[PDB]
Amino acid sequence: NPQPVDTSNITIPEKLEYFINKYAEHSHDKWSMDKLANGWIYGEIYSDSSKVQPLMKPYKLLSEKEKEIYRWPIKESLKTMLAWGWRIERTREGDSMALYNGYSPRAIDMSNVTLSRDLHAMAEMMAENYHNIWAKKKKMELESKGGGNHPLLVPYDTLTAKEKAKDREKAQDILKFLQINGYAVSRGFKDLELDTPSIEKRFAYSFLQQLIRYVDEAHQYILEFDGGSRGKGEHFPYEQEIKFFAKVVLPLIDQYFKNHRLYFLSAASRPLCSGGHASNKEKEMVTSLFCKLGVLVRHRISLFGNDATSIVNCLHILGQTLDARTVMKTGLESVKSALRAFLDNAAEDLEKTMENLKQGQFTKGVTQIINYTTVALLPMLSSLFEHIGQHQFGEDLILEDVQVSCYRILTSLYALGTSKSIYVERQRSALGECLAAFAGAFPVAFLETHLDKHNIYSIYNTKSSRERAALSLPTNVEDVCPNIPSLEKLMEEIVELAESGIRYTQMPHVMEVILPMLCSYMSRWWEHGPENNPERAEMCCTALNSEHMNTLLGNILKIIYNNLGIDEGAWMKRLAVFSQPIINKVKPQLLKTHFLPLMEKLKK
Amino acid sequence: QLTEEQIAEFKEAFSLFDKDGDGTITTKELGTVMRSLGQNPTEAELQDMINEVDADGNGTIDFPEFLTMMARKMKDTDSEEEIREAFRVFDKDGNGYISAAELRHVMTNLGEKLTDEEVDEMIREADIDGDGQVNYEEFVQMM
Ligand SMILES: [Ca+2]
Ligand SMILES: [Ca+2]
Ligand SMILES: [Ca+2]
């Protein structure tokens, strides 16, 4: 269906008439040359039957109508170019040929000089329009005949090069004669303003508003499913919407956040100095989306049809893609409340887990919360601490009130680890990596309170004696989290652990919580002690010495040596994931002749 | 009578042989698979053996016919038995947990060249249990 271009509203101007007459003369010249080469020469009378042609006469002597069939295509092409919004500006040659003012003509060839690329696209498009006008007239001709579809009715782009040849050649030669005259025509519009600082134009920003209000719609859908959960029939018209959510949005979030993790993590910080700057508001709303997704997945696992693992992976990758320092330096109250209520939700969740795993041994909500605790929660908290400690943004993320929230969560988690059962044996592995991440996350040395006072960046000292009482602070940094030992205490624990040589089946919780704990603990206080921060003397978070380092290495290696005699198991293969930071930690000087015995034993 | 996930596993098994995606296994399409397994068939042998399974007689067995031949045999426990059969033979270590080191070593048999380190990135995805060394339970998670 060809759509017309309207040319009635526009009309031809009069200063253009000079070039119009000039190009009419040029067309007469080319046509005269064509007929001379064809053999048509001047005739006494205009007779078609006598097979002669008088019209080699000059354009001064050509009649008015013959000028009209030159002016007609010319002025319609001009009307379809001015109707496009292509302005025409002032040039020099009008004034130049103003101060000018058996014959063989000669026509300038359009072939030599070449057009620019922008006006080449312009010419190709306007030749597309001229082909469309040809399609118009050919189409009315085809309803007139009634049949015989012309194969050229296909669109301009569908046409081949030979089919495009005539219309294109018209484009080049007319605009080329315009430029040889000198008249320069261009786009009529220059852009008025660019809203580049607006984050709204960012595709990620738009996709994210989309994601949050679909997440809110899904939350309302879950509220509907909850209001129908008191009834017996949960089959609702919202089944299609919830399965669309589950099999589209969550996979789409998953793929998007794995493909653009480098964008999300760093606002062009380490990579890609040119671009990839994730907006601060974008990071804010990404954290909001993560928080509301965590709220949605909570207490509602049983409704999901085994895609809860996919949701867990989505929440996991969102955790690796979270940012915290940007939120703290510039954060919106909704995100602040979401994070505070998420820590609180973890609080009562852990509390009710200790309550139910003990009380309700013998007796659905209880089953879904138990499954959540066993699988869908501990890797979640581990990944949270993992990105916190990886990016060190936790320094200001968990600065106020979240030190005490995280350290009481540490008390609950440590009590859960010290408690043992079959489900706890099944999850011995998770506590190791989780507490590793939390120890690499916590900014102050939550083990040793001794030098945390000397560290300025601490909950109690930074918030001082009045916000001390305002927050959930009992005025004692170490006592607010009682069960957790100190560095000193864990040191004697390790030394008599080495001197004892306990079996895994006896104290599984010890090596499956504390060893990765310290293995990822140690990294931050490298840079926060005289360890890798020789400067900032006596102001460091903690102070450690190479002698103590070598002693603890000797204890761990000797328990591993005793532990080679029980196959050494894949459970230290589990601990090996966070021992990889330890084997990057270890200096190459040790990698010369201090540890070669143990990797030789591994080669055994 | 056929259990719902079995047909779903029969879905994918049907597509494992239906490369073209139309749901029809032509003799040539089936034939290329049997050369890939080493056996060298005659065209008559393939077209003879394809007739017995074809109840319709169209010359190409569709999935409803494919189910009938699948129902002909006792795959009562052969599915997970083969899964364990592979886990036993892929367990070159014999520790009960299959290391990632020989994961590259058996996938090379088909001709793949994926890097040594990246697979243990993928085995870590398989090791949601975090074992660092894949067992049958991880294989069950895989399949
Ligand atoms: Ca058939
Ligand atoms: Ca193995
Ligand atoms: Ca494993």
# chains A, B, ... in the order shown; residues from 1 in each chain; ligands from 1
call {"tool": "residues_around", "arguments": {"residues": "range 365-374 of chain A", "least_positions_apart": "2", "cutoff": "6 Å", "atoms": "only C-alpha atoms", "output": "list in words"}}
result
residues 301, 302, 376 and 377 of chain A
call {"tool": "write_last_selection", "arguments": {"atoms": "N, CA, C and O atoms", "output": "short mmCIF file (atom, residue, chain, number, x, y, z; two decimals), in the first residue's frame"}}
result
data_model
loop_
_atom_site.label_atom_id
_atom_site.label_comp_id
_atom_site.auth_asym_id
_atom_site.auth_seq_id
_atom_site.Cartn_x
_atom_site.Cartn_y
_atom_site.Cartn_z
N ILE A 301 7.84 -19.74 49.59
CA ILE A 301 8.55 -20.67 48.71
C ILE A 301 7.63 -21.79 48.23
O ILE A 301 7.71 -22.22 47.07
N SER A 302 6.73 -22.27 49.10
CA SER A 302 5.91 -23.43 48.76
C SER A 302 5.02 -23.17 47.55
O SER A 302 4.71 -24.09 46.79
N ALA A 376 17.66 -21.90 50.96
CA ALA A 376 17.45 -20.65 50.24
C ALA A 376 17.88 -19.43 51.04
O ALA A 376 17.75 -18.30 50.56
N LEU A 377 18.41 -19.63 52.24
CA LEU A 377 18.80 -18.51 53.10
C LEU A 377 20.29 -18.40 53.35
O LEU A 377 20.84 -17.30 53.20
#
call {"tool": "residues_around", "arguments": {"residues": "range 573-584 of chain A", "least_positions_apart": "5", "cutoff": "7 Å", "atoms": "only C-alpha atoms", "output": "list in words"}}
result
residues 429, 516, 519 and 520 of chain A; 130, 131 and 132 of chain B
call {"tool": "write_last_selection", "arguments": {"atoms": "N, CA, C and O atoms", "output": "CSV table (one decimal), in the first residue's frame"}}
result
chain,number,residue,atom,x,y,z
A,429,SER,N,28.8,-27.6,55.4
A,429,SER,CA,29.5,-26.9,54.3
A,429,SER,C,29.1,-25.5,54.1
A,429,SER,O,30.0,-24.6,53.9
A,516,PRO,N,37.1,-21.6,57.3
A,516,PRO,CA,36.9,-20.6,56.2
A,516,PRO,C,36.6,-19.2,56.9
A,516,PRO,O,37.0,-18.2,56.3
A,519,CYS,N,39.9,-17.9,57.2
A,519,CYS,CA,40.6,-17.8,55.9
A,519,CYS,C,40.2,-16.6,55.1
A,519,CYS,O,40.9,-16.1,54.3
A,520,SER,N,38.9,-16.1,55.3
A,520,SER,CA,38.5,-14.9,54.6
A,520,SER,C,38.5,-13.7,55.6
A,520,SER,O,38.5,-12.6,55.1
B,130,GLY,N,28.6,-27.3,46.8
B,130,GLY,CA,29.9,-26.8,47.1
B,130,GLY,C,31.0,-27.7,47.2
B,130,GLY,O,32.1,-27.3,47.6
B,131,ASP,N,30.8,-29.0,46.9
B,131,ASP,CA,31.7,-30.1,47.2
B,131,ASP,C,33.1,-29.8,46.6
B,131,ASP,O,34.1,-30.1,47.2
B,132,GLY,N,33.2,-29.1,45.5
B,132,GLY,CA,34.4,-28.9,44.8
B,132,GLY,C,34.8,-30.1,44.0
B,132,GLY,O,35.9,-30.1,43.4
call {"tool": "residues_around", "arguments": {"residues": "residue 241 in chain A", "least_positions_apart": "3", "cutoff": "12 Å", "atoms": "only C-alpha atoms", "output": "list in words"}}
result
residues 214, 215, 217, 218, 219, 220, 221, 222, 236, 237, 238, 244, 245, 246, 247, 248 and 249 of chain A
call {"tool": "write_last_selection", "arguments": {"atoms": "C-alpha atoms", "output": "PDB file, in the first residue's frame"}}
result
ATOM      1  CA  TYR A 214       6.169  -6.039  37.734  1.00  0.00           C
ATOM      2  CA  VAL A 215       7.703  -7.108  41.059  1.00  0.00           C
ATOM      3  CA  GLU A 217       2.365  -6.560  40.707  1.00  0.00           C
ATOM      4  CA  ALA A 218       3.710 -10.016  41.593  1.00  0.00           C
ATOM      5  CA  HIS A 219       3.678  -9.032  45.269  1.00  0.00           C
ATOM      6  CA  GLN A 220       0.023  -8.021  44.972  1.00  0.00           C
ATOM      7  CA  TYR A 221      -0.569 -11.339  43.180  1.00  0.00           C
ATOM      8  CA  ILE A 222       1.029 -13.147  46.129  1.00  0.00           C
ATOM      9  CA  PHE A 236      -7.103 -17.920  40.374  1.00  0.00           C
ATOM     10  CA  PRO A 237      -7.028 -16.033  37.057  1.00  0.00           C
ATOM     11  CA  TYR A 238      -3.627 -14.751  38.238  1.00  0.00           C
ATOM     12  CA  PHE A 244       4.724 -15.337  33.199  1.00  0.00           C
ATOM     13  CA  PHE A 245       6.566 -13.571  36.017  1.00  0.00           C
ATOM     14  CA  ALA A 246       8.382 -16.736  37.104  1.00  0.00           C
ATOM     15  CA  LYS A 247       9.441 -17.937  33.649  1.00  0.00           C
ATOM     16  CA  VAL A 248      10.193 -14.514  32.106  1.00  0.00           C
ATOM     17  CA  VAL A 249      11.119 -11.787  34.595  1.00  0.00           C
TER      18      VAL A 249
END
call {"tool": "residues_near_ligand", "arguments": {"ligand": "ligand 1", "cutoff": "7 Å", "atoms": "only C-alpha atoms and all ligand atoms", "output": "ChimeraX atom specification"}}
result
/B:54-62,65
call {"tool": "interface_residues", "arguments": {"of": "chain B", "to": "chain A", "cutoff": "12 Å", "atoms": "only C-alpha atoms", "output": "ChimeraX atom specification"}}
result
/B:95-100,120-121,124-125,127-135,141
call {"tool": "write_last_selection", "arguments": {"atoms": "N, CA and C atoms", "output": "mmCIF file, in the first residue's frame"}}
result
data_model
loop_
_atom_site.group_PDB
_atom_site.id
_atom_site.type_symbol
_atom_site.label_atom_id
_atom_site.label_comp_id
_atom_site.auth_asym_id
_atom_site.auth_seq_id
_atom_site.Cartn_x
_atom_site.Cartn_y
_atom_site.Cartn_z
ATOM 1 N N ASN B 95 36.797 -42.252 44.264
ATOM 2 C CA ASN B 95 36.582 -41.780 45.627
ATOM 3 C C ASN B 95 35.101 -41.674 45.962
ATOM 4 N N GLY B 96 34.229 -41.891 44.979
ATOM 5 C CA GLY B 96 32.825 -41.586 45.110
ATOM 6 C C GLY B 96 32.461 -40.183 44.686
ATOM 7 N N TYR B 97 33.440 -39.286 44.594
ATOM 8 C CA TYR B 97 33.249 -37.944 44.063
ATOM 9 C C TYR B 97 34.121 -37.801 42.824
ATOM 10 N N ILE B 98 33.532 -37.312 41.738
ATOM 11 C CA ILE B 98 34.217 -37.186 40.456
ATOM 12 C C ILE B 98 34.877 -35.816 40.400
ATOM 13 N N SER B 99 36.192 -35.799 40.200
ATOM 14 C CA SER B 99 36.921 -34.541 40.130
ATOM 15 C C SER B 99 36.679 -33.862 38.789
ATOM 16 N N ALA B 100 36.927 -32.553 38.747
ATOM 17 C CA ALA B 100 36.788 -31.816 37.500
ATOM 18 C C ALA B 100 37.975 -32.013 36.570
ATOM 19 N N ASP B 120 35.641 -26.181 35.941
ATOM 20 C CA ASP B 120 35.474 -26.087 37.387
ATOM 21 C C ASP B 120 34.816 -24.767 37.773
ATOM 22 N N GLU B 121 34.592 -23.907 36.787
ATOM 23 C CA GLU B 121 33.726 -22.745 37.102
ATOM 24 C C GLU B 121 32.317 -23.331 36.958
ATOM 25 N N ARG B 124 31.486 -25.747 39.680
ATOM 26 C CA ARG B 124 31.078 -24.991 40.891
ATOM 27 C C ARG B 124 29.581 -24.687 40.781
ATOM 28 N N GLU B 125 29.103 -24.339 39.581
ATOM 29 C CA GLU B 125 27.643 -24.125 39.398
ATOM 30 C C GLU B 125 26.940 -25.453 39.680
ATOM 31 N N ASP B 127 28.152 -27.674 41.600
ATOM 32 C CA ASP B 127 28.384 -27.956 43.035
ATOM 33 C C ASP B 127 27.680 -26.909 43.889
ATOM 34 N N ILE B 128 26.373 -26.730 43.711
ATOM 35 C CA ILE B 128 25.587 -25.925 44.641
ATOM 36 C C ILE B 128 25.770 -26.459 46.052
ATOM 37 N N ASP B 129 26.100 -27.756 46.138
ATOM 38 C CA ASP B 129 26.434 -28.366 47.451
ATOM 39 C C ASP B 129 27.811 -27.823 47.829
ATOM 40 N N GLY B 130 28.565 -27.341 46.839
ATOM 41 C CA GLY B 130 29.864 -26.754 47.083
ATOM 42 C C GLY B 130 30.996 -27.740 47.234
ATOM 43 N N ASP B 131 30.767 -29.017 46.911
ATOM 44 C CA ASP B 131 31.740 -30.066 47.209
ATOM 45 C C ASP B 131 33.110 -29.770 46.615
ATOM 46 N N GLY B 132 33.154 -29.107 45.464
ATOM 47 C CA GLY B 132 34.415 -28.881 44.783
ATOM 48 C C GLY B 132 34.843 -30.114 44.018
ATOM 49 N N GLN B 133 34.031 -31.163 44.090
ATOM 50 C CA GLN B 133 34.270 -32.421 43.396
ATOM 51 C C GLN B 133 32.926 -33.121 43.243
ATOM 52 N N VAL B 134 32.510 -33.333 41.995
ATOM 53 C CA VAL B 134 31.128 -33.700 41.700
ATOM 54 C C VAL B 134 30.877 -35.153 42.083
ATOM 55 N N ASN B 135 29.764 -35.399 42.764
ATOM 56 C CA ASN B 135 29.297 -36.747 43.051
ATOM 57 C C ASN B 135 28.056 -37.071 42.227
ATOM 58 N N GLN B 141 21.488 -33.557 40.448
ATOM 59 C CA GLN B 141 21.111 -32.130 40.292
ATOM 60 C C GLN B 141 21.281 -31.757 38.819
#
call {"tool": "residues_around", "arguments": {"residues": "residue 558 in chain A", "least_positions_apart": "5", "cutoff": "12 Å", "atoms": "only C-alpha atoms", "output": "list in words"}}
result
residues 494, 495, 496, 497, 498, 499, 500, 501, 502, 550, 551, 552, 553, 563, 564, 565, 595, 597 and 598 of chain A
call {"tool": "residues_around", "arguments": {"residues": "range 69-82 of chain B", "least_positions_apart": "5", "cutoff": "12 Å", "atoms": "only C-alpha atoms", "output": "number ranges by chain"}}
result
B: 1-3, 5-7, 9-11, 13-14, 50, 52-55, 61-64, 87-90, 136-137, 139-140, 143
call {"tool": "write_last_selection", "arguments": {"atoms": "N, CA and C atoms", "output": "short mmCIF file (atom, residue, chain, number, x, y, z; two decimals), in the first residue's frame"}}
result
data_model
loop_
_atom_site.label_atom_id
_atom_site.label_comp_id
_atom_site.auth_asym_id
_atom_site.auth_seq_id
_atom_site.Cartn_x
_atom_site.Cartn_y
_atom_site.Cartn_z
N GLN B 1 -0.78 -44.37 31.17
CA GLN B 1 -0.04 -45.17 32.13
C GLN B 1 1.41 -44.70 32.24
N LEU B 2 1.92 -44.10 31.17
CA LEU B 2 3.29 -43.62 31.17
C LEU B 2 3.40 -42.37 32.04
N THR B 3 4.39 -42.36 32.93
CA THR B 3 4.47 -41.33 33.96
C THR B 3 4.89 -40.00 33.34
N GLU B 5 6.71 -37.25 33.83
CA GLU B 5 8.08 -36.81 33.56
C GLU B 5 8.78 -37.75 32.58
N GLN B 6 8.31 -39.00 32.48
CA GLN B 6 8.89 -39.93 31.52
C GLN B 6 8.63 -39.48 30.09
N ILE B 7 7.40 -39.03 29.80
CA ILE B 7 7.11 -38.47 28.49
C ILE B 7 7.93 -37.20 28.27
N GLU B 9 10.84 -36.62 29.58
CA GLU B 9 12.15 -37.15 29.23
C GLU B 9 12.10 -37.81 27.86
N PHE B 10 10.92 -38.29 27.45
CA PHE B 10 10.77 -38.82 26.11
C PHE B 10 10.64 -37.70 25.08
N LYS B 11 10.06 -36.56 25.47
CA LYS B 11 10.18 -35.35 24.65
C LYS B 11 11.61 -35.08 24.22
N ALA B 13 14.37 -36.86 24.49
CA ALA B 13 14.96 -37.98 23.77
C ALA B 13 14.46 -38.04 22.33
N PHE B 14 13.19 -37.71 22.11
CA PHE B 14 12.66 -37.60 20.75
C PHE B 14 13.37 -36.50 19.97
N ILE B 50 12.58 -49.50 10.16
CA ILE B 50 11.77 -48.33 10.47
C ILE B 50 10.29 -48.62 10.21
N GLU B 52 8.60 -51.43 11.07
CA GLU B 52 7.97 -52.11 12.19
C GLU B 52 7.47 -51.12 13.24
N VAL B 53 8.27 -50.09 13.54
CA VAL B 53 7.86 -49.08 14.50
C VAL B 53 6.73 -48.21 13.96
N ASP B 54 6.70 -47.96 12.65
CA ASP B 54 5.69 -47.10 12.04
C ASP B 54 4.36 -47.84 11.98
N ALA B 55 3.47 -47.48 12.91
CA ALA B 55 2.12 -48.02 12.88
C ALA B 55 1.27 -47.36 11.80
N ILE B 61 8.18 -42.05 11.89
CA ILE B 61 7.53 -42.23 13.18
C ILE B 61 7.41 -40.90 13.90
N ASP B 62 6.19 -40.56 14.31
CA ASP B 62 5.91 -39.41 15.15
C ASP B 62 6.02 -39.81 16.62
N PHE B 63 5.98 -38.81 17.48
CA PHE B 63 6.13 -39.06 18.91
C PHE B 63 5.08 -40.00 19.49
N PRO B 64 3.78 -39.90 19.15
CA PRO B 64 2.83 -40.90 19.67
C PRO B 64 3.19 -42.33 19.30
N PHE B 87 28.01 -42.10 36.15
CA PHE B 87 28.71 -41.59 37.32
C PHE B 87 29.75 -42.59 37.82
N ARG B 88 29.49 -43.89 37.67
CA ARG B 88 30.47 -44.89 38.07
C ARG B 88 31.67 -44.88 37.13
N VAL B 89 31.43 -44.75 35.82
CA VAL B 89 32.53 -44.84 34.86
C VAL B 89 33.26 -43.51 34.73
N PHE B 90 32.54 -42.40 34.94
CA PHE B 90 33.22 -41.11 34.98
C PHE B 90 34.03 -40.94 36.26
N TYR B 136 27.46 -38.23 42.53
CA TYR B 136 26.21 -38.62 41.89
C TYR B 136 25.09 -37.64 42.24
N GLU B 137 25.09 -37.16 43.49
CA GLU B 137 24.03 -36.24 43.92
C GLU B 137 24.04 -34.96 43.10
N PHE B 139 25.29 -34.96 40.10
CA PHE B 139 24.88 -35.47 38.77
C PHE B 139 23.35 -35.53 38.74
N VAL B 140 22.75 -35.94 39.85
CA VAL B 140 21.26 -35.94 39.94
C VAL B 140 20.78 -34.50 39.82
N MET B 143 21.05 -33.79 36.31
CA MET B 143 20.01 -34.50 35.53
C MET B 143 18.86 -34.91 36.46
#
call {"tool": "decode", "arguments": {"residues": "range 37-59 of chain B", "atoms": "N, CA, C and O atoms", "output": "PDB file, in the first residue's frame"}}
result
ATOM      1  N   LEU B  37      27.684 -43.473  15.561  1.00  0.00           N
ATOM      2  CA  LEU B  37      27.975 -44.456  16.595  1.00  0.00           C
ATOM      3  C   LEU B  37      28.850 -45.594  16.089  1.00  0.00           C
ATOM      4  O   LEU B  37      29.137 -46.522  16.851  1.00  0.00           O
ATOM      5  N   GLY B  38      29.256 -45.564  14.819  1.00  0.00           N
ATOM      6  CA  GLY B  38      30.172 -46.551  14.287  1.00  0.00           C
ATOM      7  C   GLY B  38      29.576 -47.606  13.375  1.00  0.00           C
ATOM      8  O   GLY B  38      30.310 -48.151  12.540  1.00  0.00           O
ATOM      9  N   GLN B  39      28.286 -47.918  13.500  1.00  0.00           N
ATOM     10  CA  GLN B  39      27.686 -48.976  12.693  1.00  0.00           C
ATOM     11  C   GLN B  39      27.441 -48.487  11.271  1.00  0.00           C
ATOM     12  O   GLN B  39      27.121 -47.316  11.047  1.00  0.00           O
ATOM     13  N   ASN B  40      27.601 -49.384  10.302  1.00  0.00           N
ATOM     14  CA  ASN B  40      27.457 -48.973   8.914  1.00  0.00           C
ATOM     15  C   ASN B  40      26.226 -49.643   8.321  1.00  0.00           C
ATOM     16  O   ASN B  40      26.288 -50.829   7.968  1.00  0.00           O
ATOM     17  N   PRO B  41      25.103 -48.938   8.184  1.00  0.00           N
ATOM     18  CA  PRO B  41      23.872 -49.589   7.731  1.00  0.00           C
ATOM     19  C   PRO B  41      23.663 -49.489   6.230  1.00  0.00           C
ATOM     20  O   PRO B  41      24.136 -48.557   5.574  1.00  0.00           O
ATOM     21  N   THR B  42      22.962 -50.473   5.676  1.00  0.00           N
ATOM     22  CA  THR B  42      22.410 -50.342   4.338  1.00  0.00           C
ATOM     23  C   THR B  42      21.109 -49.554   4.406  1.00  0.00           C
ATOM     24  O   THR B  42      20.435 -49.519   5.440  1.00  0.00           O
ATOM     25  N   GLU B  43      20.753 -48.918   3.289  1.00  0.00           N
ATOM     26  CA  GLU B  43      19.502 -48.168   3.245  1.00  0.00           C
ATOM     27  C   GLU B  43      18.304 -49.092   3.432  1.00  0.00           C
ATOM     28  O   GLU B  43      17.324 -48.726   4.093  1.00  0.00           O
ATOM     29  N   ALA B  44      18.363 -50.295   2.853  1.00  0.00           N
ATOM     30  CA  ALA B  44      17.268 -51.246   3.006  1.00  0.00           C
ATOM     31  C   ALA B  44      17.096 -51.671   4.459  1.00  0.00           C
ATOM     32  O   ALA B  44      15.967 -51.782   4.950  1.00  0.00           O
ATOM     33  N   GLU B  45      18.205 -51.919   5.161  1.00  0.00           N
ATOM     34  CA  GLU B  45      18.116 -52.332   6.559  1.00  0.00           C
ATOM     35  C   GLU B  45      17.454 -51.252   7.404  1.00  0.00           C
ATOM     36  O   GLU B  45      16.576 -51.542   8.223  1.00  0.00           O
ATOM     37  N   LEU B  46      17.860 -49.994   7.208  1.00  0.00           N
ATOM     38  CA  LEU B  46      17.240 -48.890   7.936  1.00  0.00           C
ATOM     39  C   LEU B  46      15.761 -48.770   7.598  1.00  0.00           C
ATOM     40  O   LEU B  46      14.927 -48.564   8.487  1.00  0.00           O
ATOM     41  N   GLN B  47      15.417 -48.893   6.316  1.00  0.00           N
ATOM     42  CA  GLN B  47      14.027 -48.714   5.911  1.00  0.00           C
ATOM     43  C   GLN B  47      13.182 -49.922   6.300  1.00  0.00           C
ATOM     44  O   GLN B  47      11.968 -49.800   6.500  1.00  0.00           O
ATOM     45  N   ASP B  48      13.799 -51.103   6.390  1.00  0.00           N
ATOM     46  CA  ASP B  48      13.085 -52.269   6.904  1.00  0.00           C
ATOM     47  C   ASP B  48      12.761 -52.109   8.385  1.00  0.00           C
ATOM     48  O   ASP B  48      11.612 -52.288   8.807  1.00  0.00           O
ATOM     49  N   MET B  49      13.769 -51.766   9.192  1.00  0.00           N
ATOM     50  CA  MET B  49      13.599 -51.664  10.637  1.00  0.00           C
ATOM     51  C   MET B  49      12.740 -50.477  11.042  1.00  0.00           C
ATOM     52  O   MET B  49      12.223 -50.455  12.164  1.00  0.00           O
ATOM     53  N   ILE B  50      12.581 -49.496  10.156  1.00  0.00           N
ATOM     54  CA  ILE B  50      11.767 -48.329  10.469  1.00  0.00           C
ATOM     55  C   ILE B  50      10.293 -48.622  10.213  1.00  0.00           C
ATOM     56  O   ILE B  50       9.411 -47.921  10.722  1.00  0.00           O
ATOM     57  N   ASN B  51      10.006 -49.658   9.423  1.00  0.00           N
ATOM     58  CA  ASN B  51       8.624 -49.994   9.093  1.00  0.00           C
ATOM     59  C   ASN B  51       7.900 -50.595  10.292  1.00  0.00           C
ATOM     60  O   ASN B  51       6.714 -50.325  10.518  1.00  0.00           O
ATOM     61  N   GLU B  52       8.600 -51.425  11.070  1.00  0.00           N
ATOM     62  CA  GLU B  52       7.967 -52.108  12.193  1.00  0.00           C
ATOM     63  C   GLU B  52       7.470 -51.119  13.240  1.00  0.00           C
ATOM     64  O   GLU B  52       6.370 -51.275  13.783  1.00  0.00           O
ATOM     65  N   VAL B  53       8.269 -50.094  13.536  1.00  0.00           N
ATOM     66  CA  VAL B  53       7.860 -49.080  14.501  1.00  0.00           C
ATOM     67  C   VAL B  53       6.728 -48.213  13.960  1.00  0.00           C
ATOM     68  O   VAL B  53       5.862 -47.776  14.730  1.00  0.00           O
ATOM     69  N   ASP B  54       6.703 -47.961  12.650  1.00  0.00           N
ATOM     70  CA  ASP B  54       5.694 -47.099  12.036  1.00  0.00           C
ATOM     71  C   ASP B  54       4.360 -47.839  11.984  1.00  0.00           C
ATOM     72  O   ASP B  54       4.128 -48.713  11.145  1.00  0.00           O
ATOM     73  N   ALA B  55       3.469 -47.476  12.908  1.00  0.00           N
ATOM     74  CA  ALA B  55       2.116 -48.020  12.884  1.00  0.00           C
ATOM     75  C   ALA B  55       1.272 -47.361  11.799  1.00  0.00           C
ATOM     76  O   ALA B  55       0.465 -48.029  11.139  1.00  0.00           O
ATOM     77  N   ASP B  56       1.436 -46.049  11.607  1.00  0.00           N
ATOM     78  CA  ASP B  56       0.661 -45.345  10.589  1.00  0.00           C
ATOM     79  C   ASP B  56       1.020 -45.822   9.187  1.00  0.00           C
ATOM     80  O   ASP B  56       0.139 -45.984   8.334  1.00  0.00           O
ATOM     81  N   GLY B  57       2.306 -46.051   8.930  1.00  0.00           N
ATOM     82  CA  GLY B  57       2.772 -46.372   7.600  1.00  0.00           C
ATOM     83  C   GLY B  57       3.235 -45.185   6.786  1.00  0.00           C
ATOM     84  O   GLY B  57       3.485 -45.340   5.583  1.00  0.00           O
ATOM     85  N   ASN B  58       3.359 -44.005   7.398  1.00  0.00           N
ATOM     86  CA  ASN B  58       3.779 -42.820   6.656  1.00  0.00           C
ATOM     87  C   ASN B  58       5.268 -42.851   6.338  1.00  0.00           C
ATOM     88  O   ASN B  58       5.751 -42.024   5.556  1.00  0.00           O
ATOM     89  N   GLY B  59       6.008 -43.787   6.926  1.00  0.00           N
ATOM     90  CA  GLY B  59       7.440 -43.866   6.740  1.00  0.00           C
ATOM     91  C   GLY B  59       8.258 -43.049   7.715  1.00  0.00           C
ATOM     92  O   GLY B  59       9.489 -43.179   7.725  1.00  0.00           O
TER      93      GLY B  59
END
